[PDB]
>>> print(open('upload38.cif').read())   # mmCIF, N, CA and C atoms
data_upload
loop_
_atom_site.label_atom_id
_atom_site.label_comp_id
_atom_site.auth_asym_id
_atom_site.auth_seq_id
_atom_site.Cartn_x
_atom_site.Cartn_y
_atom_site.Cartn_z
N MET C 1 -29.41 -4.03 -31.96
CA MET C 1 -29.71 -5.30 -31.25
C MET C 1 -29.94 -6.42 -32.28
N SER C 2 -31.05 -6.38 -32.97
CA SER C 2 -31.32 -7.43 -33.99
C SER C 2 -30.25 -7.36 -35.08
N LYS C 3 -29.90 -6.18 -35.51
CA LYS C 3 -28.84 -6.06 -36.55
C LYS C 3 -27.47 -6.12 -35.88
N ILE C 4 -26.69 -7.10 -36.24
CA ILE C 4 -25.33 -7.24 -35.63
C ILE C 4 -24.27 -6.54 -36.50
N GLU C 5 -24.63 -6.12 -37.69
CA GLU C 5 -23.63 -5.44 -38.56
C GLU C 5 -23.22 -4.11 -37.94
N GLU C 6 -24.16 -3.37 -37.42
CA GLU C 6 -23.83 -2.07 -36.78
C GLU C 6 -24.21 -2.10 -35.30
N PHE C 7 -23.25 -2.01 -34.42
CA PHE C 7 -23.55 -2.04 -32.97
C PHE C 7 -24.43 -0.85 -32.57
N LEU C 8 -24.14 0.32 -33.08
CA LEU C 8 -24.98 1.49 -32.72
C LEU C 8 -25.41 2.24 -33.98
N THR C 9 -26.55 2.87 -33.95
CA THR C 9 -27.01 3.63 -35.14
C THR C 9 -26.29 4.97 -35.20
N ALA C 10 -26.40 5.69 -36.29
CA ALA C 10 -25.70 7.00 -36.38
C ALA C 10 -26.13 7.89 -35.21
N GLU C 11 -27.37 7.81 -34.82
CA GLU C 11 -27.83 8.64 -33.67
C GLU C 11 -27.10 8.21 -32.40
N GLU C 12 -26.91 6.93 -32.22
CA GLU C 12 -26.19 6.44 -31.01
C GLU C 12 -24.70 6.80 -31.08
N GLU C 13 -24.07 6.48 -32.17
CA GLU C 13 -22.62 6.81 -32.32
C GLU C 13 -22.42 8.33 -32.34
N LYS C 14 -23.35 9.07 -32.87
CA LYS C 14 -23.17 10.55 -32.91
C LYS C 14 -23.09 11.11 -31.49
N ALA C 15 -23.96 10.68 -30.61
CA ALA C 15 -23.93 11.22 -29.22
C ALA C 15 -22.65 10.81 -28.48
N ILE C 16 -22.20 9.58 -28.61
CA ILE C 16 -20.97 9.18 -27.87
C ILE C 16 -19.73 9.88 -28.44
N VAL C 17 -19.65 10.03 -29.74
CA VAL C 17 -18.48 10.74 -30.33
C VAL C 17 -18.48 12.18 -29.83
N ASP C 18 -19.64 12.78 -29.73
CA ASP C 18 -19.69 14.19 -29.26
C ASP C 18 -19.17 14.27 -27.82
N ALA C 19 -19.46 13.27 -27.03
CA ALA C 19 -18.97 13.28 -25.62
C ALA C 19 -17.44 13.30 -25.61
N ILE C 20 -16.83 12.54 -26.47
CA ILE C 20 -15.34 12.51 -26.52
C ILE C 20 -14.81 13.89 -26.93
N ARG C 21 -15.42 14.51 -27.90
CA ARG C 21 -14.96 15.86 -28.34
C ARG C 21 -15.00 16.83 -27.16
N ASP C 22 -16.04 16.79 -26.38
CA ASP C 22 -16.15 17.71 -25.21
C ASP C 22 -15.06 17.42 -24.17
N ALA C 23 -14.70 16.17 -24.00
CA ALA C 23 -13.65 15.86 -22.98
C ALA C 23 -12.31 16.48 -23.39
N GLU C 24 -11.98 16.45 -24.65
CA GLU C 24 -10.69 17.05 -25.11
C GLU C 24 -10.64 18.55 -24.78
N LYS C 25 -11.76 19.15 -24.49
CA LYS C 25 -11.76 20.58 -24.11
C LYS C 25 -11.73 20.70 -22.57
N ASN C 26 -11.69 19.59 -21.86
CA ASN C 26 -11.63 19.64 -20.37
C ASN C 26 -10.26 19.10 -19.89
N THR C 27 -9.54 18.40 -20.74
CA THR C 27 -8.19 17.87 -20.34
C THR C 27 -7.32 17.68 -21.60
N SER C 28 -6.02 17.63 -21.43
CA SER C 28 -5.12 17.44 -22.60
C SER C 28 -4.94 15.95 -22.91
N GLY C 29 -5.46 15.07 -22.08
CA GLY C 29 -5.31 13.62 -22.35
C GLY C 29 -6.21 13.23 -23.52
N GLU C 30 -6.07 12.03 -24.01
CA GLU C 30 -6.93 11.61 -25.16
C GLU C 30 -7.58 10.25 -24.88
N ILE C 31 -8.86 10.17 -25.13
CA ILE C 31 -9.61 8.90 -24.91
C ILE C 31 -10.14 8.37 -26.24
N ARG C 32 -9.96 7.11 -26.51
CA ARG C 32 -10.46 6.54 -27.80
C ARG C 32 -11.07 5.16 -27.56
N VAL C 33 -12.05 4.79 -28.35
CA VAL C 33 -12.71 3.47 -28.15
C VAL C 33 -12.53 2.57 -29.38
N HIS C 34 -12.24 1.32 -29.14
CA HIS C 34 -12.10 0.34 -30.26
C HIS C 34 -13.10 -0.80 -30.04
N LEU C 35 -13.99 -1.00 -30.96
CA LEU C 35 -15.02 -2.07 -30.81
C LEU C 35 -14.80 -3.20 -31.83
N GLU C 36 -14.70 -4.41 -31.34
CA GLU C 36 -14.52 -5.59 -32.25
C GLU C 36 -15.34 -6.77 -31.71
N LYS C 37 -15.51 -7.81 -32.49
CA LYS C 37 -16.36 -8.96 -32.03
C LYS C 37 -15.63 -9.89 -31.04
N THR C 38 -14.74 -10.71 -31.52
CA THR C 38 -14.02 -11.66 -30.60
C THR C 38 -12.56 -11.79 -31.03
N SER C 39 -11.71 -12.20 -30.12
CA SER C 39 -10.27 -12.34 -30.46
C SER C 39 -9.85 -13.81 -30.48
N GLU C 40 -8.67 -14.09 -30.95
CA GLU C 40 -8.18 -15.50 -31.00
C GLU C 40 -7.08 -15.72 -29.94
N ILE C 41 -6.61 -14.68 -29.30
CA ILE C 41 -5.54 -14.84 -28.27
C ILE C 41 -5.95 -14.15 -26.95
N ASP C 42 -5.19 -13.21 -26.43
CA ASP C 42 -5.61 -12.55 -25.16
C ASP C 42 -5.98 -11.09 -25.44
N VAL C 43 -7.04 -10.62 -24.84
CA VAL C 43 -7.49 -9.22 -25.08
C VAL C 43 -6.46 -8.20 -24.56
N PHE C 44 -5.91 -8.42 -23.40
CA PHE C 44 -4.90 -7.46 -22.86
C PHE C 44 -3.70 -7.35 -23.81
N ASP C 45 -3.19 -8.46 -24.28
CA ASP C 45 -2.04 -8.39 -25.23
C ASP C 45 -2.56 -7.87 -26.58
N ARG C 46 -3.71 -8.32 -26.98
CA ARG C 46 -4.29 -7.86 -28.27
C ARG C 46 -4.54 -6.35 -28.25
N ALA C 47 -5.02 -5.80 -27.16
CA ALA C 47 -5.26 -4.33 -27.12
C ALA C 47 -3.91 -3.59 -27.15
N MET C 48 -2.91 -4.13 -26.50
CA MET C 48 -1.58 -3.47 -26.51
C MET C 48 -1.03 -3.45 -27.94
N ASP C 49 -1.15 -4.52 -28.67
CA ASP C 49 -0.65 -4.53 -30.07
C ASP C 49 -1.45 -3.52 -30.91
N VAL C 50 -2.74 -3.51 -30.77
CA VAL C 50 -3.58 -2.53 -31.53
C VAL C 50 -3.26 -1.11 -31.07
N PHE C 51 -3.14 -0.88 -29.79
CA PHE C 51 -2.83 0.50 -29.31
C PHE C 51 -1.52 0.98 -29.94
N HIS C 52 -0.50 0.17 -29.92
CA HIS C 52 0.78 0.59 -30.54
C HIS C 52 0.67 0.55 -32.07
N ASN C 53 -0.06 -0.40 -32.60
CA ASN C 53 -0.21 -0.48 -34.08
C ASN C 53 -0.88 0.80 -34.57
N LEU C 54 -1.83 1.30 -33.83
CA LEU C 54 -2.49 2.57 -34.22
C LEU C 54 -1.62 3.78 -33.83
N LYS C 55 -0.44 3.54 -33.28
CA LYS C 55 0.47 4.67 -32.89
C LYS C 55 -0.21 5.62 -31.91
N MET C 56 -1.07 5.13 -31.06
CA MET C 56 -1.73 6.05 -30.09
C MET C 56 -0.70 6.60 -29.10
N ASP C 57 0.49 6.05 -29.06
CA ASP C 57 1.53 6.62 -28.16
C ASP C 57 2.11 7.91 -28.79
N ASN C 58 1.65 8.29 -29.97
CA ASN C 58 2.15 9.54 -30.62
C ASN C 58 1.53 10.76 -29.94
N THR C 59 1.81 10.96 -28.69
CA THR C 59 1.27 12.14 -27.99
C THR C 59 2.39 12.77 -27.18
N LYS C 60 2.34 14.05 -26.99
CA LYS C 60 3.42 14.76 -26.24
C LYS C 60 3.49 14.32 -24.77
N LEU C 61 2.37 14.19 -24.11
CA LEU C 61 2.40 13.78 -22.68
C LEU C 61 2.19 12.27 -22.52
N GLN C 62 1.98 11.55 -23.59
CA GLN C 62 1.77 10.07 -23.50
C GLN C 62 0.59 9.75 -22.58
N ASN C 63 -0.49 10.44 -22.82
CA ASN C 63 -1.73 10.26 -22.02
C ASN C 63 -2.91 9.88 -22.91
N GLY C 64 -2.75 8.85 -23.70
CA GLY C 64 -3.86 8.38 -24.59
C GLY C 64 -4.50 7.12 -23.99
N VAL C 65 -5.79 6.94 -24.17
CA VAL C 65 -6.46 5.72 -23.61
C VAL C 65 -7.25 5.00 -24.69
N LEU C 66 -7.12 3.71 -24.76
CA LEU C 66 -7.87 2.94 -25.78
C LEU C 66 -8.85 1.99 -25.08
N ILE C 67 -10.09 2.02 -25.46
CA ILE C 67 -11.07 1.10 -24.81
C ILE C 67 -11.37 -0.07 -25.74
N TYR C 68 -10.95 -1.25 -25.38
CA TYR C 68 -11.21 -2.42 -26.25
C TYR C 68 -12.42 -3.18 -25.72
N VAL C 69 -13.46 -3.26 -26.49
CA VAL C 69 -14.68 -3.96 -26.02
C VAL C 69 -15.01 -5.15 -26.93
N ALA C 70 -15.24 -6.28 -26.32
CA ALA C 70 -15.60 -7.51 -27.08
C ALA C 70 -17.11 -7.68 -27.00
N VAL C 71 -17.82 -7.33 -28.03
CA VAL C 71 -19.30 -7.46 -27.98
C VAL C 71 -19.73 -8.93 -28.01
N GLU C 72 -18.88 -9.82 -28.48
CA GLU C 72 -19.28 -11.26 -28.49
C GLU C 72 -19.39 -11.76 -27.05
N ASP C 73 -18.44 -11.41 -26.22
CA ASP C 73 -18.50 -11.85 -24.80
C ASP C 73 -18.96 -10.70 -23.88
N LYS C 74 -19.31 -9.56 -24.45
CA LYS C 74 -19.76 -8.41 -23.61
C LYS C 74 -18.71 -8.03 -22.56
N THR C 75 -17.47 -7.88 -22.97
CA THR C 75 -16.41 -7.50 -21.99
C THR C 75 -15.73 -6.21 -22.44
N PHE C 76 -15.02 -5.57 -21.56
CA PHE C 76 -14.34 -4.30 -21.91
C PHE C 76 -12.97 -4.21 -21.20
N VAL C 77 -11.97 -3.70 -21.87
CA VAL C 77 -10.63 -3.56 -21.23
C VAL C 77 -10.18 -2.11 -21.38
N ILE C 78 -9.64 -1.52 -20.34
CA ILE C 78 -9.20 -0.10 -20.47
C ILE C 78 -7.67 -0.02 -20.34
N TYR C 79 -7.02 0.52 -21.34
CA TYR C 79 -5.53 0.63 -21.30
C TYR C 79 -5.09 2.06 -21.60
N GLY C 80 -4.53 2.73 -20.63
CA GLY C 80 -4.05 4.11 -20.87
C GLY C 80 -2.56 4.06 -21.20
N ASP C 81 -2.03 5.13 -21.71
CA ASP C 81 -0.59 5.14 -22.07
C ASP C 81 0.26 5.25 -20.79
N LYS C 82 1.55 5.18 -20.91
CA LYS C 82 2.43 5.26 -19.71
C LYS C 82 2.21 6.59 -18.98
N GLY C 83 1.80 7.61 -19.68
CA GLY C 83 1.60 8.94 -19.03
C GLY C 83 0.45 8.86 -18.01
N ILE C 84 -0.70 8.38 -18.39
CA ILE C 84 -1.81 8.28 -17.40
C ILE C 84 -1.41 7.27 -16.32
N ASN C 85 -0.86 6.16 -16.71
CA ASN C 85 -0.50 5.13 -15.69
C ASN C 85 0.54 5.67 -14.70
N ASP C 86 1.48 6.44 -15.16
CA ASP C 86 2.52 6.99 -14.25
C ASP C 86 1.99 8.09 -13.32
N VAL C 87 0.91 8.75 -13.69
CA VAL C 87 0.40 9.85 -12.82
C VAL C 87 -0.81 9.42 -11.97
N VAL C 88 -1.49 8.35 -12.33
CA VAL C 88 -2.67 7.93 -11.51
C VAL C 88 -2.48 6.52 -10.94
N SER C 89 -3.26 6.17 -9.96
CA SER C 89 -3.13 4.82 -9.33
C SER C 89 -4.30 3.91 -9.70
N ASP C 90 -4.29 2.70 -9.20
CA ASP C 90 -5.41 1.76 -9.50
C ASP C 90 -6.71 2.33 -8.95
N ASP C 91 -6.66 2.95 -7.80
CA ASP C 91 -7.89 3.55 -7.21
C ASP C 91 -8.44 4.61 -8.16
N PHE C 92 -7.59 5.38 -8.78
CA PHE C 92 -8.09 6.40 -9.74
C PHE C 92 -8.71 5.70 -10.95
N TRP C 93 -8.30 4.48 -11.21
CA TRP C 93 -8.86 3.73 -12.36
C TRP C 93 -10.13 2.97 -11.95
N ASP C 94 -10.24 2.65 -10.70
CA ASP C 94 -11.40 1.85 -10.22
C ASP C 94 -12.74 2.53 -10.54
N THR C 95 -12.82 3.84 -10.47
CA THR C 95 -14.13 4.50 -10.77
C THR C 95 -14.45 4.32 -12.26
N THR C 96 -13.42 4.28 -13.07
CA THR C 96 -13.57 4.11 -14.55
C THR C 96 -14.27 2.79 -14.88
N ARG C 97 -13.78 1.73 -14.28
CA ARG C 97 -14.33 0.37 -14.52
C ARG C 97 -15.74 0.21 -13.93
N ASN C 98 -15.99 0.78 -12.77
CA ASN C 98 -17.34 0.61 -12.16
C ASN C 98 -18.42 1.26 -13.05
N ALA C 99 -18.16 2.42 -13.58
CA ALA C 99 -19.18 3.08 -14.45
C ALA C 99 -19.43 2.29 -15.73
N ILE C 100 -18.39 1.91 -16.43
CA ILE C 100 -18.57 1.12 -17.68
C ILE C 100 -19.15 -0.26 -17.34
N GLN C 101 -18.65 -0.87 -16.30
CA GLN C 101 -19.15 -2.22 -15.91
C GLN C 101 -20.63 -2.17 -15.53
N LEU C 102 -21.03 -1.19 -14.77
CA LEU C 102 -22.46 -1.11 -14.35
C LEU C 102 -23.40 -0.92 -15.54
N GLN C 103 -23.03 -0.07 -16.47
CA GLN C 103 -23.92 0.14 -17.65
C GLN C 103 -23.86 -1.09 -18.56
N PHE C 104 -22.67 -1.60 -18.80
CA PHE C 104 -22.54 -2.81 -19.65
C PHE C 104 -23.36 -3.93 -19.02
N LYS C 105 -23.32 -4.02 -17.72
CA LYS C 105 -24.08 -5.08 -17.01
C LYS C 105 -25.57 -4.90 -17.30
N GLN C 106 -26.03 -3.68 -17.47
CA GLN C 106 -27.46 -3.45 -17.79
C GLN C 106 -27.72 -3.75 -19.27
N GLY C 107 -26.69 -3.77 -20.08
CA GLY C 107 -26.89 -4.08 -21.53
C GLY C 107 -26.79 -2.80 -22.38
N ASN C 108 -26.52 -1.67 -21.79
CA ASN C 108 -26.41 -0.42 -22.61
C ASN C 108 -24.93 -0.07 -22.81
N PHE C 109 -24.38 -0.52 -23.91
CA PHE C 109 -22.95 -0.23 -24.21
C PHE C 109 -22.70 1.27 -24.37
N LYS C 110 -23.57 1.97 -25.04
CA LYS C 110 -23.34 3.44 -25.24
C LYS C 110 -23.37 4.21 -23.91
N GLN C 111 -24.35 3.99 -23.07
CA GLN C 111 -24.40 4.78 -21.80
C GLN C 111 -23.17 4.45 -20.95
N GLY C 112 -22.74 3.22 -20.95
CA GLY C 112 -21.54 2.87 -20.14
C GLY C 112 -20.31 3.59 -20.69
N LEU C 113 -20.07 3.50 -21.97
CA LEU C 113 -18.88 4.18 -22.54
C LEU C 113 -18.99 5.70 -22.40
N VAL C 114 -20.13 6.28 -22.67
CA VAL C 114 -20.24 7.77 -22.55
C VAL C 114 -20.07 8.20 -21.09
N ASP C 115 -20.76 7.57 -20.18
CA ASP C 115 -20.61 7.97 -18.75
C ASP C 115 -19.18 7.71 -18.29
N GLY C 116 -18.59 6.63 -18.73
CA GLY C 116 -17.19 6.33 -18.31
C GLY C 116 -16.27 7.44 -18.83
N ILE C 117 -16.47 7.88 -20.04
CA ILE C 117 -15.61 8.96 -20.58
C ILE C 117 -15.82 10.23 -19.75
N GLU C 118 -17.04 10.55 -19.43
CA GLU C 118 -17.30 11.78 -18.62
C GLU C 118 -16.57 11.70 -17.28
N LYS C 119 -16.73 10.62 -16.56
CA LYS C 119 -16.04 10.50 -15.25
C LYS C 119 -14.53 10.53 -15.48
N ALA C 120 -14.06 9.87 -16.50
CA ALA C 120 -12.60 9.89 -16.80
C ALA C 120 -12.12 11.32 -17.07
N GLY C 121 -12.88 12.08 -17.81
CA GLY C 121 -12.45 13.47 -18.13
C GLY C 121 -12.37 14.33 -16.87
N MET C 122 -13.35 14.24 -16.00
CA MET C 122 -13.29 15.06 -14.75
C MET C 122 -12.15 14.55 -13.87
N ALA C 123 -12.02 13.26 -13.75
CA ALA C 123 -10.91 12.71 -12.92
C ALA C 123 -9.58 13.10 -13.55
N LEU C 124 -9.46 12.91 -14.83
CA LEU C 124 -8.20 13.29 -15.53
C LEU C 124 -7.99 14.79 -15.40
N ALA C 125 -9.04 15.56 -15.52
CA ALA C 125 -8.90 17.04 -15.43
C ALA C 125 -8.21 17.44 -14.12
N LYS C 126 -8.45 16.72 -13.06
CA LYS C 126 -7.79 17.06 -11.77
C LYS C 126 -6.27 16.93 -11.94
N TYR C 127 -5.85 15.88 -12.60
CA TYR C 127 -4.39 15.68 -12.84
C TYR C 127 -3.90 16.63 -13.93
N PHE C 128 -4.69 16.82 -14.96
CA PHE C 128 -4.30 17.74 -16.05
C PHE C 128 -5.46 18.70 -16.35
N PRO C 129 -5.46 19.84 -15.71
CA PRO C 129 -6.54 20.82 -15.93
C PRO C 129 -6.47 21.36 -17.36
N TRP C 130 -7.58 21.75 -17.89
CA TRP C 130 -7.61 22.27 -19.28
C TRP C 130 -6.98 23.65 -19.35
N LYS C 131 -6.10 23.85 -20.28
CA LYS C 131 -5.48 25.19 -20.44
C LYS C 131 -6.04 25.82 -21.71
N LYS C 132 -6.14 27.12 -21.75
CA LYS C 132 -6.73 27.76 -22.96
C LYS C 132 -5.96 27.38 -24.21
N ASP C 133 -4.68 27.11 -24.10
CA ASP C 133 -3.92 26.71 -25.31
C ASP C 133 -3.97 25.18 -25.52
N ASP C 134 -4.78 24.48 -24.75
CA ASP C 134 -4.89 23.00 -24.88
C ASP C 134 -4.97 22.57 -26.35
N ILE C 135 -4.25 21.54 -26.68
CA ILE C 135 -4.24 21.03 -28.09
C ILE C 135 -4.92 19.66 -28.18
N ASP C 136 -5.63 19.40 -29.25
CA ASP C 136 -6.31 18.08 -29.39
C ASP C 136 -5.45 17.14 -30.23
N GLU C 137 -4.64 16.35 -29.57
CA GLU C 137 -3.73 15.42 -30.29
C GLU C 137 -4.49 14.29 -30.98
N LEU C 138 -5.55 13.82 -30.37
CA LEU C 138 -6.29 12.69 -31.00
C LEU C 138 -7.69 13.12 -31.48
N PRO C 139 -8.18 12.45 -32.49
CA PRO C 139 -9.53 12.76 -33.01
C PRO C 139 -10.57 12.18 -32.05
N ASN C 140 -11.83 12.19 -32.41
CA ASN C 140 -12.86 11.60 -31.51
C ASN C 140 -13.64 10.49 -32.25
N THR C 141 -13.27 10.18 -33.47
CA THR C 141 -13.99 9.12 -34.25
C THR C 141 -13.82 7.76 -33.57
N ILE C 142 -14.87 6.97 -33.54
CA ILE C 142 -14.79 5.63 -32.90
C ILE C 142 -13.99 4.65 -33.76
N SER C 143 -13.18 3.84 -33.15
CA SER C 143 -12.40 2.84 -33.93
C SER C 143 -13.13 1.49 -33.90
N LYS C 144 -13.15 0.79 -35.00
CA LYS C 144 -13.86 -0.53 -35.02
C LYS C 144 -12.98 -1.61 -35.64
N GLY C 145 -13.13 -2.83 -35.18
CA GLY C 145 -12.31 -3.94 -35.74
C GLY C 145 -12.84 -4.31 -37.12
#
>>> encode(input="upload38.cif", output="structure tokens")
Amino acid sequence: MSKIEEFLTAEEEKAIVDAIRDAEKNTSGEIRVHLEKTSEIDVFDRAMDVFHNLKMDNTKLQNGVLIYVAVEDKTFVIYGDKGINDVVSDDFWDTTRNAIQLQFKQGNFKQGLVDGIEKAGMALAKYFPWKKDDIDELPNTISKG
């Protein structure tokens, strides 16, 4: 809070990263978060350039998700790859935004992102159930601008 150099302490980032690792064992899709301060153009186009710049489309099922959050304006954008978008609808995405939006609205960025990942993993698991041979295409480390 007072320190703006680090949005979350190692204890805070440690718990959210662990949540992502557990989701990769519940579904073959991949969820990743990118945190930056403010942009100079549009966040939707900016997240698309960063998502492709980071090669997050390098997945066999094309089911990777990048969460772009602007802590300067307290906003968040969710962009999944063509694989998640082609298999789920806006209604399947609506629960994702309500969980992150409700926690962000309270001021707790970590609880919103962690709870959003949990709901996303169970919802995604319905479309892609975890198989014993499931492979982890993406890491769980948080991305920062």
>>> closest_atom_pairs(input="upload38.cif", of="region 84-131 of chain C", to="region 49-69 of chain C", cutoff="9 Å", atoms="only C-alpha atoms", output="Markdown table")
| residue | atom | partner | partner_atom | distance |
| --- | --- | --- | --- | --- |
| C:84 | CA | C:63 | CA | 5.0 |
| C:85 | CA | C:63 | CA | 8.2 |
| C:113 | CA | C:67 | CA | 8.7 |
>>> residues_around(input="upload38.cif", residues="residue 98 (chain C)", least_positions_apart="5", cutoff="10 Å", atoms="only C-alpha atoms", output="VMD selection string")
chain C and resid 93 103 to 104 112 116
>>> closest_residue(input="upload38.cif", among="C:129, C:139, C:107, C:83", to="residue 26 (chain C)", atoms="only C-alpha atoms")
C:129
>>> closest_residue(input="upload38.cif", among="C:111, C:14, C:121, C:4", to="residue 92 (chain C)", atoms="only C-alpha atoms")
C:121
>>> atom_distance(input="upload38.cif", atom1="atom C of residue 145 (chain C)", atom2="atom N of residue 37 (chain C)")
6.4 Å
>>> resolve_selection(input="upload38.cif", expression="the PyMOL selection byres (((chain C and resi 133 and name CA) around 12) and name CA)", output="ChimeraX atom specification")
/C:24-28,129-132,134-136
>>> closest_residue(input="upload38.cif", among="C:10, C:72, C:82, C:18", to="residue 39 (chain C)", atoms="all atoms listed in the file")
C:72
>>> atom_distance(input="upload38.cif", atom1="CA of residue 17 (chain C)", atom2="atom C of residue 102 (chain C)")
19.5 Å
>>> select_by_dssp(input="upload38.cif", residues="chain C", states="alpha helix (DSSP H)", output="count of residues only")
67
>>> atom_distance(input="upload38.cif", atom1="CA of residue 128 (chain C)", atom2="CA of residue 12 (chain C)")
28.8 Å
>>> decode(input="upload38.cif", residues="region 118-140 of chain C", atoms="N, CA and C atoms", output="compact mmCIF listing (two decimals), in the first residue's frame")
# COMPACT_ATOMS: atom_id res chain seq x y z
N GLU C 118 -9.34 -19.50 -9.17
CA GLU C 118 -10.02 -20.73 -8.67
C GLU C 118 -11.32 -20.97 -9.43
N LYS C 119 -12.16 -19.98 -9.53
CA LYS C 119 -13.44 -20.17 -10.27
C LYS C 119 -13.13 -20.50 -11.73
N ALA C 120 -12.17 -19.84 -12.31
CA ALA C 120 -11.79 -20.13 -13.72
C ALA C 120 -11.34 -21.59 -13.86
N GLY C 121 -10.56 -22.08 -12.94
CA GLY C 121 -10.06 -23.48 -13.04
C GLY C 121 -11.22 -24.48 -12.96
N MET C 122 -12.14 -24.29 -12.05
CA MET C 122 -13.29 -25.24 -11.96
C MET C 122 -14.17 -25.10 -13.20
N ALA C 123 -14.42 -23.89 -13.63
CA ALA C 123 -15.25 -23.69 -14.85
C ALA C 123 -14.51 -24.28 -16.05
N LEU C 124 -13.24 -23.97 -16.17
CA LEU C 124 -12.44 -24.53 -17.29
C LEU C 124 -12.40 -26.05 -17.17
N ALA C 125 -12.25 -26.55 -15.97
CA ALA C 125 -12.17 -28.03 -15.79
C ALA C 125 -13.39 -28.72 -16.41
N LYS C 126 -14.53 -28.09 -16.36
CA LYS C 126 -15.74 -28.72 -16.96
C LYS C 126 -15.51 -28.90 -18.47
N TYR C 127 -14.95 -27.90 -19.09
CA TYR C 127 -14.66 -27.99 -20.56
C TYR C 127 -13.44 -28.89 -20.79
N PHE C 128 -12.45 -28.78 -19.95
CA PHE C 128 -11.24 -29.63 -20.10
C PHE C 128 -10.89 -30.27 -18.75
N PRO C 129 -11.41 -31.45 -18.51
CA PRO C 129 -11.13 -32.15 -17.24
C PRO C 129 -9.66 -32.51 -17.15
N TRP C 130 -9.14 -32.59 -15.96
CA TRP C 130 -7.71 -32.92 -15.79
C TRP C 130 -7.46 -34.39 -16.09
N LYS C 131 -6.46 -34.66 -16.88
CA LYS C 131 -6.13 -36.07 -17.19
C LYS C 131 -4.83 -36.42 -16.47
N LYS C 132 -4.65 -37.65 -16.08
CA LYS C 132 -3.41 -38.00 -15.33
C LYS C 132 -2.17 -37.65 -16.14
N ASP C 133 -2.25 -37.67 -17.44
CA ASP C 133 -1.05 -37.31 -18.24
C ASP C 133 -1.01 -35.79 -18.52
N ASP C 134 -1.89 -35.03 -17.91
CA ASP C 134 -1.93 -33.55 -18.12
C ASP C 134 -0.52 -32.94 -18.10
N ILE C 135 -0.27 -32.06 -19.02
CA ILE C 135 1.07 -31.41 -19.10
C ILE C 135 0.98 -29.92 -18.74
N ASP C 136 1.98 -29.39 -18.08
CA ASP C 136 1.93 -27.95 -17.70
C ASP C 136 2.71 -27.12 -18.73
N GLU C 137 2.01 -26.61 -19.71
CA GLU C 137 2.67 -25.82 -20.79
C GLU C 137 3.19 -24.48 -20.27
N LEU C 138 2.48 -23.86 -19.36
CA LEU C 138 2.94 -22.53 -18.87
C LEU C 138 3.39 -22.59 -17.40
N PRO C 139 4.30 -21.71 -17.04
CA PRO C 139 4.78 -21.66 -15.64
C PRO C 139 3.71 -20.99 -14.78
N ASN C 140 4.00 -20.68 -13.55
CA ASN C 140 2.99 -20.00 -12.69
C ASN C 140 3.56 -18.66 -12.16
